[PDB]
């Protein structure tokens, strides 16, 4: 059967036979039903090129009556060229194989009997055939692989998934939220060796169209496709189809000299015809193509398993949510497409970027950080027009073709749109393809619809709409439109009429928008300009939207979901900052903010930080040099990072749902030193941007002074401008020359002997090495440590305790799962070492891996709440196999064998549960509830809504928040941890595992001599703590549900959800409500205490 198709492949198809054995035929089998149309082909590159040579032959080859309308003469010509290029890739590959065989007599030795086909660098010999005195690739397999490589080169850029929190952490060893901005965009923009090789291998294996033998070693089932992909990748690197760029950690950790190589595929012109139908190869080769667009009635199916967690099945409710989001119809908004097209790529970048693309006017470091950001916008533009060209083939009027997007649940229960450049992830794409639409009566400025229209325009222009009443936002919007935006609006009106823009368009837009510039702001200008000239203003059609956006969502959800203690007036006051209003019927965030408390949770955290810093100053009051160190750090931050609340604010950044605010990353467990490094990175990035400002200023007006060119935003006079420059220089010298060191519990200043000094060259200015570390130390001791001290008083001591217990339990359980998995893997490897047919490097079979994974069941690896399923330890790591999977023929591109398996969770448990049961549940509920809002775009903690439904959709969103607040993540962890504790056996763990566990279950002084029985008792106590917290959480929710609540967490519109609790707590102070709520708390506790005994 299989030997029949590849009869001439070197070696014998018998695992237990003397002599060279063919592991390709041993590892794969023909499928029951045909998968690839290239299987029985003698020359696939030739057959497919022929199929692609004309519509008629494409139709015959694919058994279709008519081919995709996009497949025309221009596209056919491009594929003709791509195919010819494919022949050139095959030539390189065949040439590399010869070289390989001709080096160190390999092949000679192979032909003699040496099993080089079992070497990590020779697994490709399993698909060669004898040709005279040497060997050659089996043309069918080589060619099909090239075809896969060609498809990969065409769509891998956009098809590649966004790297999640674990991938990035695993790549650098640093939490994603703590990496410098430029590096994040770099990773989300390029592919790691493992990434590129892995995705290429998947296509090659798919095209080969065979099925994996479940009892064959992964060393070959995965290894063979992987070795082929490595060769192809090298081939592409040689042809320059793929370019590798290398990044480092110099911006975050000077002591880490480790570098990371990234591969990016050369871009095709955004107008290249082939982009209008980039999957012709895929459609020709595969009976059931994976890559394809979903237009009209073609709807994506519902994924059965969780993204990156094959062992987790999406629950019934998660599936219905995915179905609901996939059912939504998205439509092209022609005006923005035309606007993007006329402005062009370069101008879009100059606008959202640094105002120029001439690296001579950019500080070296600033330029570097713009690289990843620039290609991200570039790639989103290219993917947008590729979709536009495709849609355009379906209909002349591109705005009438429905577009559907596939989604899947992530590790944390978020619904992520597949792809990298789609409406959800790419801000540029988001303003051109929308599901939001409304017909508005804008005939009178006082109409309900006109207010909705202004709200959408104001929010898009960065007016903080949830922070003020509708009237005030209306006033602020009008002032912008009559003032600064005036020149831009006029430019837009002219564009919609003539179809052209001025050469200084970027200049116009930039001067008008200032730091309000974003892609959505462009949609605001465009829509306002369209309204102005609309003939029938009583029925204005527009996709402009209003995003119901969560207020400091992460922290607020944690506070409301994990707090187990009694109610405190401070908790009542602070939770109100997140939209939970008690005893205030119909209260909105807009009112709270403009009438009750204008400080959000982030501001409160900052105020508490300053309070703690104040105490610190006191303890060293007499120490003048320390007061100066502190003054210097604060003045520097006040100069470049006055607002520390970091987020995905960059106009050029992708939207990933990564929490970056220091309050939030602290609660989620990020380390102090790591946070300090991130804040310094934020400060230095701002400094570099200013340096670029100096350069651009000097060039435009050589008269402008250095001081003014650098600090003109905080200085009207030269005397003050110069004051700021001198302060900046003194701060930098002081912070890089002296550092705080904690010795004997007290702080003392020490000399670094490396303090910065000299004439600043804006183009070159750079803070790295010892100077960067010095800044980090000052940042840690004089900002970050006091920040942590105040977060406790901001979110509540009770919440902190809950997160600590959650962290410890999930980490402990993870260690055990990881350790047991490794030991069984090792035991299995010991057995196979007794097998003569086995050789070290073959590793296990899929069946053996699946068995081992299944053996972990009694340890409750998964938290199943019935509506969501979480597998915290689930990952893809190389530590299990700890060996190379394969390399290219030059012994380069060595890919580690990575396997799906449990790994140490660390602090992951906190964000995992907060996100999953907080925003994840909110969105899932929004998608599935009765009367679920239609035609929205959900973006994790915010949802875009069409203008005819902003009031009801926002109320439902707030209702969804209330239902998520009925959850108890601590109880879910407890249920799993309890089963874990009932079956775990600590005396089977490895000392390395037992050590890690003791670090979470025991105190420092009890670790060094902690027995296994001590560790077990500590783990049991954590179990008991979890249970009491869980009970406390349930009591609080039950009590809160009985009181009159008004919730406006998903704010903007002012449509709070009313729970209609009968116990009226109005007319009461926080102290009074706390009293009442606690009375109810005790009562409930008593009732639950009674129900038990009975």
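Any read-out appearing in this document is the output of simple, stated calculations on the displayed coordinates, not a laboratory observation. Please note: Cβ atoms are built from the backbone with ideal geometry, for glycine as well, and neighbour counts cover all protein chains shown.
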With 5 Å bins from 0: P(r) over the range 252-341, alpha-carbon pairs, percent: 2, 9, 9, 12, 15, 16, 14, 10, 8, 4, 0, 0
Helix-derived mean residue ellipticity, 222 nm - over the chain, DSSP H n ≥ 4, -39500 (n - 2.57), to 500: -16500 deg cm²/dmol
Cα centroid of the range 553-569 to Cα centroid of the range 59-75, whole Å: 59
Rg/Rh for the range 727-794, where both radii come from Cα atoms and Rh is the Kirkwood radius: 1.07
Cα centroid separation - the range 399-447 against the range 1-41, whole Å: 47
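May I ask you to derive the relative contact order of the range 599-793, considering only C-alpha pairs under 8 Å and at least 6 residues apart, and to give it as an integer percent? Can you show the working numbers first?
Working: 207 pairs, mean separation 61.9, N = 195.
Averaging sequence separation for qualifying contacts and normalising by length gives 32 percent for the range 599-793.
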Debye log10 I(q)/I(0) for the range 133-246, one point scatterer per Cα, at q = 0.12, 0.16 Å⁻¹: -0.51, -0.83
Shape category assigned to the range 826-876 from the gyration tensor of Cα positions, a/c cut at 1.5: prolate
Along principal axes, Cα extents of the range 197-299, largest first, whole Å: 53, 47, 30
Label-point separation, residue 59 to residue 979 (7 Å along Cα→Cβ), nm: 5.7
Three-way shape call for the range 445-535 based on the alpha-carbon gyration tensor, with the a/c threshold at 1.5: oblate
When the convex hull of its Cα atoms is projected in every direction, mean area for the range 1-114 (nm²): 9.5
Cα-based Rg and Dmax for the chain, where Dmax is the largest Cα-Cα distance (Å): 30.9, 96
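Can you tell me which of 266-276, 787-797 comes out highest on packing, and rank the rest after it, using the mean Cβ neighbours within 10 Å?
The densest-packed peptide leads the list: 787-797, 266-276.
Could you please tell me the mean projected area of the C-alpha convex hull for the range 92-131, averaged over all directions and given in square nanometres to one decimal? Before the final figure, lay out the partial values.
Working: hull surface 10.9 nm².
Projected over every direction and averaged, the Cα hull of the range 92-131 covers 2.7 nm².
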Nitroxide proxy distance, nm - points 7 Å out along Cα→Cβ at residue 720 and residue 761: 3.3
Highest-first arrangement of 138-146, 841-849, where packing means the average Cβ count within 10 Å: 138-146, 841-849
Whole-number D in µm²/s for the range 329-400 (Stokes-Einstein; Kirkwood sum over Cα pairs; 37 °C, 0.692 mPa s): 239
Share, in percent, of DSSP beta bridges within the chain that are antiparallel, nearest 5: 95
Neighbour-count order for 293, 929, 415, fewest beta carbons within 10 angstrom listed first: 929, 293, 415
Gyration tensor verdict on the range 599-793 (Cα atoms; rounded if a/c is under 1.5, prolate if a/b is larger than b/c, oblate otherwise): oblate
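For the range 887-982, go through all pairs of different Cα atoms, get the mean of 1/r, take its inverse, and jot down that Kirkwood value in Å.
Numbers: mean 1/r = 0.0597 Å⁻¹.
Kirkwood hydrodynamic radius for the range 887-982: 16.8 Å.
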Distance from the range 738-768 to the range 993-1052 (C-alpha centre basis), Å: 40
Inter-probe distance in nm under a simple model that places probes 7 Å from Cα toward Cβ, at residue 1088 and residue 338: 6.2
Dmax and Rg, reported as Rg then Dmax, of the range 309-355 (C-alpha, Å): 19.3, 49
Coordinate range along principal axes, alpha carbons of the range 761-905, Å, largest first: 63, 50, 27
Ranking of 407, 528, 620, 331 by count of other Cβ atoms within 10 Å, fewest first: 620, 331, 528, 407
